[PDB]
Amino acid sequence: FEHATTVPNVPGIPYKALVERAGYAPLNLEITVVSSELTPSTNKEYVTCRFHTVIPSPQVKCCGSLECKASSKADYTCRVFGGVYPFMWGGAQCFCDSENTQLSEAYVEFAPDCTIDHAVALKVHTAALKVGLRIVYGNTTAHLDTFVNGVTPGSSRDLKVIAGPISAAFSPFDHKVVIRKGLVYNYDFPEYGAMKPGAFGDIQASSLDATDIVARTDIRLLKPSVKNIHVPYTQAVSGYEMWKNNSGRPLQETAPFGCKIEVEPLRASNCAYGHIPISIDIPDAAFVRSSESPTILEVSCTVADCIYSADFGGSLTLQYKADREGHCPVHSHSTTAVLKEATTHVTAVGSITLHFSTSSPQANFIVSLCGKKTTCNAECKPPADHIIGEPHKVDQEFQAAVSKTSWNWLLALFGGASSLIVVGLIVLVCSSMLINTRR
Amino acid sequence: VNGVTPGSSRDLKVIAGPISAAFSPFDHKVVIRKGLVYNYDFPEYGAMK
Amino acid sequence: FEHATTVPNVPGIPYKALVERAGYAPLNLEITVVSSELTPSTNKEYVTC
Amino acid sequence: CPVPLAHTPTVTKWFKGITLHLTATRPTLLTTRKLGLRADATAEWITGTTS
């Protein structure tokens, strides 16, 4: 027998479910999202960093011109200049005057430090969610990691757990992303070969050690002017460093849904978004026969003063009549309320008590013990503390957000208006017939 | 072919694109074997059947 | 002068165009896709055998 | 490398809103984001003592 249920994709929340393989007594089930690892499919578009403009010592010729032989070096943009007649510490380095020419050669390579602070550009594709789940069912419990796609059985032990697809698909990464020093930024980096001066990606390569370096930097060289040999040149400020100054805020400080962001590999962790469909073919050896399990002849729900809040601010007490002592399962059949406990040692006759948490101001949640069901009913008061260090353990719905008495009032108002217009209709019809019968 | 990349060669700087169609031969899922390639809905990583 | 023209995206086929600039005699401009390399980005999902 | 830890901000709790009292003699980065459908993320370098 396989049970199935939706589970809130909220890390650390011990969401509970009750299985009802009726040939056996109910069994308590908890589906707890220990962690999530939404991993995007990505590739290294290119590495980038602060380029280093190597200006290899210029080639000089003392009796003729020099060809600007092109090179595969990145942003290779060498120029030949006449009338150079350059000096050096000792003196002039050429024979003639105007007949000498000079070739100034410059290109760019990754600065030595780039090995560490290099911005790996990555394209991002629809991330497949993976979650580490801790599952407990009766005294048996197991922990597992299932990729939430809805097809793979990320089974562990005997649990044939299957998860997904997500109720709502969400990826915190934009179509384009960049990683720096373990920080990560959503950013429309220029594609491979799209280098532009003074901007991110001015220098790029398949990998930092690779020779396949391409660059656009507006590097240009001026005609040598000073008496001493020199190669005055200018360039846009290193686009990587320019972006560094104006990087904005990294995604680790900006991703929604509370996603933590981890690098190596890029992934979103412990993110809390939507619901995870779950099915679990629990080993039926885990059930106990309904006749061998305890069962309760009668039970009633008396709920004490309860607070609706994220924590277990509610408390209730259940009287029971039971055939035999043992450990009955206990669970909430109503989505608006969840109990802290999941099982209770129960005697032949006595009073159980349970701590519970709910978001609805009313307590009309059907608590169940050993499968018997009782409607709890009471007003829960608003919480005295505005903030707590724990997420709300349950969602809320408008059908349950309206309070019992407030709901009664609102419906009484609409009932009044509807009944009044009904009276209008009735009197119109009646008066018409009263007149026309004798007209 | 993005519409920006200057394929500058000698004195000829040139830009090209975008392409008149968003076509691609490769389907979303492909598998390579011995240099052959097949578009095929393979199961994702961690999915084994 | 940034001339602009469409080109039939056909390898080998030599698309011939003519640029017409006020002060100058027209200039023959033949543009040919000698090669093309439609390469999609891809990532290794897994190996199998 | 060691980094300092400014005196933990004294929180104040009120209706759907929290007040952070902060104290750092040197520029310190504060970042806040809602865990909802939208991040509404914001970042601010606080200095001295402020709320």
# chains A, B, ... in the order shown; residues from 1 in each chain; ligands from 1
call {"tool": "residues_around", "arguments": {"residues": "range 9-19 of chain B", "least_positions_apart": "4", "cutoff": "9 Å", "atoms": "only C-alpha atoms", "output": "short mmCIF file (atom, residue, chain, number, x, y, z; two decimals) with N, CA, C and O atoms, in the first residue's frame"}}
result
data_model
loop_
_atom_site.label_atom_id
_atom_site.label_comp_id
_atom_site.auth_asym_id
_atom_site.auth_seq_id
_atom_site.Cartn_x
_atom_site.Cartn_y
_atom_site.Cartn_z
N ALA A 70 49.98 39.71 -37.39
CA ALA A 70 48.91 39.46 -36.43
C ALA A 70 49.26 38.27 -35.54
O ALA A 70 50.06 37.40 -35.90
N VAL B 1 26.69 35.68 -34.01
CA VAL B 1 25.46 36.29 -34.51
C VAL B 1 24.53 36.74 -33.39
O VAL B 1 23.51 36.10 -33.12
N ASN B 2 24.90 37.82 -32.72
CA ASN B 2 24.05 38.39 -31.68
C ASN B 2 23.60 39.79 -32.04
O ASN B 2 22.62 40.27 -31.45
N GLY B 3 24.27 40.45 -32.97
CA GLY B 3 23.98 41.80 -33.36
C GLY B 3 24.94 42.81 -32.78
O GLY B 3 24.75 44.02 -32.99
N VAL B 4 25.97 42.37 -32.06
CA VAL B 4 26.89 43.30 -31.41
C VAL B 4 28.35 42.93 -31.62
O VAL B 4 29.17 43.80 -31.93
N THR B 5 28.69 41.65 -31.44
CA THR B 5 30.07 41.21 -31.49
C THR B 5 30.78 41.70 -32.75
O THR B 5 30.40 41.29 -33.86
N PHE B 23 15.55 28.90 -34.78
CA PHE B 23 15.69 27.47 -35.00
C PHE B 23 16.95 26.91 -34.34
O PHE B 23 17.95 27.60 -34.14
N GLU C 2 29.03 52.57 -42.43
CA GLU C 2 28.45 51.29 -42.01
C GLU C 2 27.35 50.89 -42.98
O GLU C 2 26.17 51.18 -42.78
N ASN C 9 21.19 33.13 -45.33
CA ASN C 9 21.97 32.27 -44.46
C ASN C 9 22.20 30.91 -45.11
O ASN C 9 21.62 29.91 -44.69
#
call {"tool": "closest_atom_pairs", "arguments": {"of": "chain A", "to": "chain C", "cutoff": "10 Å", "atoms": "only C-alpha atoms", "output": "JSON lines"}}
result
{"residue": "A:41", "atom": "CA", "partner": "C:43", "partner_atom": "CA", "distance": 7.4}
{"residue": "A:42", "atom": "CA", "partner": "C:43", "partner_atom": "CA", "distance": 6.5}
{"residue": "A:43", "atom": "CA", "partner": "C:43", "partner_atom": "CA", "distance": 5.5}
{"residue": "A:44", "atom": "CA", "partner": "C:43", "partner_atom": "CA", "distance": 8.6}
{"residue": "A:45", "atom": "CA", "partner": "C:41", "partner_atom": "CA", "distance": 7.9}
{"residue": "A:123", "atom": "CA", "partner": "C:41", "partner_atom": "CA", "distance": 8.5}
call {"tool": "write_last_selection", "arguments": {"atoms": "N, CA and C atoms", "output": "compact mmCIF listing (two decimals), in the first residue's frame"}}
result
# COMPACT_ATOMS: atom_id res chain seq x y z
N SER A 41 20.88 23.66 -13.83
CA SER A 41 21.76 23.13 -14.85
C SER A 41 22.50 24.31 -15.45
N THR A 42 23.83 24.22 -15.49
CA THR A 42 24.64 25.35 -15.91
C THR A 42 25.90 24.88 -16.59
N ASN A 43 26.52 25.80 -17.33
CA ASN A 43 27.82 25.58 -17.94
C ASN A 43 28.65 26.83 -17.75
N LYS A 44 29.97 26.66 -17.73
CA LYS A 44 30.88 27.79 -17.68
C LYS A 44 30.91 28.48 -19.03
N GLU A 45 30.24 29.62 -19.15
CA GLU A 45 30.29 30.35 -20.41
C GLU A 45 31.69 30.87 -20.65
N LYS A 123 25.46 30.32 -17.61
CA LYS A 123 24.08 30.37 -18.05
C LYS A 123 23.28 29.42 -17.16
call {"tool": "interface_residues", "arguments": {"of": "chain B", "to": "chain A", "cutoff": "8 Å", "atoms": "only C-alpha atoms", "output": "PyMOL selection string"}}
result
chain B and resi 4-6+46-49
call {"tool": "interface_residues", "arguments": {"of": "chain A", "to": "chain D", "cutoff": "12 Å", "atoms": "only C-alpha atoms", "output": "PDB file with N, CA and C atoms, in the first residue's frame"}}
result
ATOM      1  N   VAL A  10       8.754  23.444   3.187  1.00  0.00           N
ATOM      2  CA  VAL A  10       9.268  24.377   4.181  1.00  0.00           C
ATOM      3  C   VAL A  10      10.279  23.630   5.039  1.00  0.00           C
ATOM      4  N   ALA A 168       4.561  24.702  -7.873  1.00  0.00           N
ATOM      5  CA  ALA A 168       4.911  25.896  -8.631  1.00  0.00           C
ATOM      6  C   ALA A 168       6.416  25.888  -8.840  1.00  0.00           C
ATOM      7  N   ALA A 169       6.844  25.966 -10.094  1.00  0.00           N
ATOM      8  CA  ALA A 169       8.265  25.948 -10.403  1.00  0.00           C
ATOM      9  C   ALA A 169       8.864  27.337 -10.240  1.00  0.00           C
ATOM     10  N   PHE A 170       9.950  27.420  -9.479  1.00  0.00           N
ATOM     11  CA  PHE A 170      10.631  28.681  -9.229  1.00  0.00           C
ATOM     12  C   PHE A 170      12.132  28.460  -9.167  1.00  0.00           C
ATOM     13  N   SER A 171      12.890  29.325  -9.837  1.00  0.00           N
ATOM     14  CA  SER A 171      14.349  29.300  -9.776  1.00  0.00           C
ATOM     15  C   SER A 171      14.834  30.691  -9.400  1.00  0.00           C
ATOM     16  N   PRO A 172      15.593  30.843  -8.315  1.00  0.00           N
ATOM     17  CA  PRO A 172      16.052  32.182  -7.926  1.00  0.00           C
ATOM     18  C   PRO A 172      17.024  32.797  -8.908  1.00  0.00           C
ATOM     19  N   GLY A 248      26.395  45.944  -7.260  1.00  0.00           N
ATOM     20  CA  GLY A 248      25.099  45.801  -6.631  1.00  0.00           C
ATOM     21  C   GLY A 248      25.149  44.824  -5.468  1.00  0.00           C
ATOM     22  N   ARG A 249      24.001  44.221  -5.172  1.00  0.00           N
ATOM     23  CA  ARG A 249      24.009  43.276  -4.073  1.00  0.00           C
ATOM     24  C   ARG A 249      23.934  41.845  -4.577  1.00  0.00           C
ATOM     25  N   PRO A 250      24.754  40.959  -4.022  1.00  0.00           N
ATOM     26  CA  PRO A 250      24.757  39.565  -4.469  1.00  0.00           C
ATOM     27  C   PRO A 250      23.440  38.868  -4.179  1.00  0.00           C
ATOM     28  N   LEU A 251      23.184  37.817  -4.960  1.00  0.00           N
ATOM     29  CA  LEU A 251      21.939  37.069  -4.835  1.00  0.00           C
ATOM     30  C   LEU A 251      21.774  36.456  -3.453  1.00  0.00           C
ATOM     31  N   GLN A 252      22.879  36.159  -2.768  1.00  0.00           N
ATOM     32  CA  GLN A 252      22.783  35.626  -1.416  1.00  0.00           C
ATOM     33  C   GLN A 252      22.056  36.578  -0.481  1.00  0.00           C
ATOM     34  N   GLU A 253      22.016  37.858  -0.818  1.00  0.00           N
ATOM     35  CA  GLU A 253      21.300  38.851  -0.043  1.00  0.00           C
ATOM     36  C   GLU A 253      20.006  39.257  -0.725  1.00  0.00           C
ATOM     37  N   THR A 254      19.655  38.611  -1.836  1.00  0.00           N
ATOM     38  CA  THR A 254      18.552  39.079  -2.663  1.00  0.00           C
ATOM     39  C   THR A 254      17.631  37.982  -3.171  1.00  0.00           C
ATOM     40  N   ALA A 255      18.003  36.713  -3.111  1.00  0.00           N
ATOM     41  CA  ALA A 255      17.091  35.696  -3.606  1.00  0.00           C
ATOM     42  C   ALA A 255      15.834  35.651  -2.742  1.00  0.00           C
ATOM     43  N   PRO A 256      14.675  35.502  -3.345  1.00  0.00           N
ATOM     44  CA  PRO A 256      13.442  35.374  -2.568  1.00  0.00           C
ATOM     45  C   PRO A 256      13.292  34.019  -1.908  1.00  0.00           C
ATOM     46  N   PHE A 257      12.146  33.813  -1.263  1.00  0.00           N
ATOM     47  CA  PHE A 257      11.792  32.552  -0.622  1.00  0.00           C
ATOM     48  C   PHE A 257      12.825  32.096   0.398  1.00  0.00           C
ATOM     49  N   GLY A 258      13.699  32.997   0.835  1.00  0.00           N
ATOM     50  CA  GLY A 258      14.689  32.626   1.820  1.00  0.00           C
ATOM     51  C   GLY A 258      15.739  31.662   1.334  1.00  0.00           C
ATOM     52  N   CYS A 259      15.871  31.486   0.022  1.00  0.00           N
ATOM     53  CA  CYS A 259      16.858  30.552  -0.497  1.00  0.00           C
ATOM     54  C   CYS A 259      18.240  30.930   0.006  1.00  0.00           C
ATOM     55  N   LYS A 260      18.919  29.996   0.654  1.00  0.00           N
ATOM     56  CA  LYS A 260      20.341  30.182   0.859  1.00  0.00           C
ATOM     57  C   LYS A 260      21.011  29.809  -0.454  1.00  0.00           C
ATOM     58  N   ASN A 270      17.892  24.949   1.325  1.00  0.00           N
ATOM     59  CA  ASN A 270      16.856  25.177   2.333  1.00  0.00           C
ATOM     60  C   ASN A 270      15.839  26.222   1.901  1.00  0.00           C
ATOM     61  N   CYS A 271      15.600  26.332   0.603  1.00  0.00           N
ATOM     62  CA  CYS A 271      14.603  27.275   0.132  1.00  0.00           C
ATOM     63  C   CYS A 271      13.202  26.763   0.436  1.00  0.00           C
ATOM     64  N   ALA A 272      12.288  27.691   0.709  1.00  0.00           N
ATOM     65  CA  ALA A 272      10.925  27.350   1.108  1.00  0.00           C
ATOM     66  C   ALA A 272       9.929  27.957   0.128  1.00  0.00           C
ATOM     67  N   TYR A 273       9.421  27.132  -0.785  1.00  0.00           N
ATOM     68  CA  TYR A 273       8.497  27.595  -1.812  1.00  0.00           C
ATOM     69  C   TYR A 273       7.616  26.444  -2.277  1.00  0.00           C
ATOM     70  N   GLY A 274       6.314  26.695  -2.352  1.00  0.00           N
ATOM     71  CA  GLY A 274       5.292  25.774  -2.817  1.00  0.00           C
ATOM     72  C   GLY A 274       5.131  24.503  -1.995  1.00  0.00           C
ATOM     73  N   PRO A 382      -6.059  35.987  19.833  1.00  0.00           N
ATOM     74  CA  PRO A 382      -4.901  36.443  19.071  1.00  0.00           C
ATOM     75  C   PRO A 382      -3.625  36.375  19.892  1.00  0.00           C
ATOM     76  N   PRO A 383      -2.476  36.231  19.240  1.00  0.00           N
ATOM     77  CA  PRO A 383      -1.213  36.091  19.971  1.00  0.00           C
ATOM     78  C   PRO A 383      -0.763  37.398  20.593  1.00  0.00           C
ATOM     79  N   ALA A 384      -0.242  37.296  21.809  1.00  0.00           N
ATOM     80  CA  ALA A 384       0.253  38.457  22.531  1.00  0.00           C
ATOM     81  C   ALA A 384       1.615  38.926  22.039  1.00  0.00           C
ATOM     82  N   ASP A 385       2.405  38.045  21.432  1.00  0.00           N
ATOM     83  CA  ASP A 385       3.735  38.379  20.938  1.00  0.00           C
ATOM     84  C   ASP A 385       3.699  38.500  19.421  1.00  0.00           C
ATOM     85  N   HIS A 386       4.123  39.658  18.913  1.00  0.00           N
ATOM     86  CA  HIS A 386       4.076  39.923  17.478  1.00  0.00           C
ATOM     87  C   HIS A 386       5.061  39.090  16.668  1.00  0.00           C
ATOM     88  N   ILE A 387       6.164  38.646  17.261  1.00  0.00           N
ATOM     89  CA  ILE A 387       7.235  38.012  16.499  1.00  0.00           C
ATOM     90  C   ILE A 387       7.788  36.809  17.240  1.00  0.00           C
ATOM     91  N   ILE A 388       8.094  35.750  16.491  1.00  0.00           N
ATOM     92  CA  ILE A 388       8.718  34.565  17.056  1.00  0.00           C
ATOM     93  C   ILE A 388       9.766  34.070  16.071  1.00  0.00           C
ATOM     94  N   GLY A 389      10.767  33.374  16.602  1.00  0.00           N
ATOM     95  CA  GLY A 389      11.877  32.870  15.820  1.00  0.00           C
ATOM     96  C   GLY A 389      11.610  31.541  15.152  1.00  0.00           C
ATOM     97  N   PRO A 391       9.083  29.671  11.822  1.00  0.00           N
ATOM     98  CA  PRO A 391       8.079  29.899  10.779  1.00  0.00           C
ATOM     99  C   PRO A 391       6.719  29.389  11.212  1.00  0.00           C
TER     100      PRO A 391
END
call {"tool": "residues_around", "arguments": {"residues": "range 49-51 of chain D", "least_positions_apart": "2", "cutoff": "9 Å", "atoms": "only C-alpha atoms", "output": "JSON, numbers by chain"}}
result
{"D": [19, 20, 21, 22, 23, 24, 25, 46, 47]}
call {"tool": "write_last_selection", "arguments": {"atoms": "N, CA and C atoms", "output": "tab-separated table (two decimals), in the first residue's frame"}}
result
chain	number	residue	atom	x	y	z
D	19	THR	N	11.67	46.42	14.81
D	19	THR	CA	12.64	47.50	14.88
D	19	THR	C	13.99	46.93	15.28
D	20	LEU	N	15.02	47.28	14.52
D	20	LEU	CA	16.38	46.90	14.84
D	20	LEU	C	17.11	48.12	15.38
D	21	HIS	N	17.62	48.00	16.60
D	21	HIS	CA	18.49	49.01	17.18
D	21	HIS	C	19.90	48.52	16.93
D	22	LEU	N	20.69	49.31	16.23
D	22	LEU	CA	22.00	48.86	15.81
D	22	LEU	C	23.07	49.78	16.38
D	23	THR	N	24.24	49.21	16.60
D	23	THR	CA	25.36	49.93	17.20
D	23	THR	C	26.63	49.34	16.62
D	24	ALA	N	27.34	50.12	15.82
D	24	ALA	CA	28.61	49.68	15.27
D	24	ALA	C	29.46	50.91	15.05
D	25	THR	N	30.62	50.96	15.70
D	25	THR	CA	31.45	52.14	15.58
D	25	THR	C	32.08	52.25	14.20
D	46	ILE	N	25.21	50.63	7.85
D	46	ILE	CA	24.95	51.43	9.04
D	46	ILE	C	26.27	51.90	9.64
D	47	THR	N	26.22	53.04	10.32
D	47	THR	CA	27.36	53.54	11.07
D	47	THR	C	26.87	54.04	12.42
call {"tool": "select_by_dssp", "arguments": {"residues": "chain B", "states": "strand (DSSP E or B)", "output": "ChimeraX atom specification"}}
result
/B:9,12,30-33,36-39
call {"tool": "residues_around", "arguments": {"residues": "range 281-284 of chain A", "least_positions_apart": "2", "cutoff": "6 Å", "atoms": "only C-alpha atoms", "output": "PDB file with N, CA, C and O atoms, in the first residue's frame"}}
result
ATOM      1  N   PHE A   1       0.805  -1.215   0.000  1.00  0.00           N
ATOM      2  CA  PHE A   1       0.000   0.000   0.000  1.00  0.00           C
ATOM      3  C   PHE A   1       0.838   1.266   0.000  1.00  0.00           C
ATOM      4  O   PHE A   1       1.693   1.452   0.864  1.00  0.00           O
ATOM      5  N   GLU A   2       0.597   2.139  -0.970  1.00  0.00           N
ATOM      6  CA  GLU A   2       1.298   3.411  -1.052  1.00  0.00           C
ATOM      7  C   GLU A   2       0.339   4.537  -0.685  1.00  0.00           C
ATOM      8  O   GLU A   2      -0.767   4.628  -1.230  1.00  0.00           O
ATOM      9  N   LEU A 159      11.415   2.457   2.020  1.00  0.00           N
ATOM     10  CA  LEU A 159      10.521   3.529   1.598  1.00  0.00           C
ATOM     11  C   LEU A 159      10.703   3.831   0.115  1.00  0.00           C
ATOM     12  O   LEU A 159      11.766   4.293  -0.309  1.00  0.00           O
ATOM     13  N   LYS A 160       9.667   3.556  -0.679  1.00  0.00           N
ATOM     14  CA  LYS A 160       9.665   3.844  -2.108  1.00  0.00           C
ATOM     15  C   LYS A 160       9.244   5.288  -2.359  1.00  0.00           C
ATOM     16  O   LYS A 160       8.354   5.553  -3.172  1.00  0.00           O
ATOM     17  N   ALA A 286       5.063  -2.521   8.677  1.00  0.00           N
ATOM     18  CA  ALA A 286       5.006  -1.447   9.658  1.00  0.00           C
ATOM     19  C   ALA A 286       3.618  -1.259  10.247  1.00  0.00           C
ATOM     20  O   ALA A 286       3.498  -0.697  11.339  1.00  0.00           O
ATOM     21  N   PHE A 287       2.571  -1.703   9.560  1.00  0.00           N
ATOM     22  CA  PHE A 287       1.253  -1.595  10.155  1.00  0.00           C
ATOM     23  C   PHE A 287       1.067  -2.637  11.246  1.00  0.00           C
ATOM     24  O   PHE A 287       1.816  -3.611  11.354  1.00  0.00           O
TER      25      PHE A 287
END
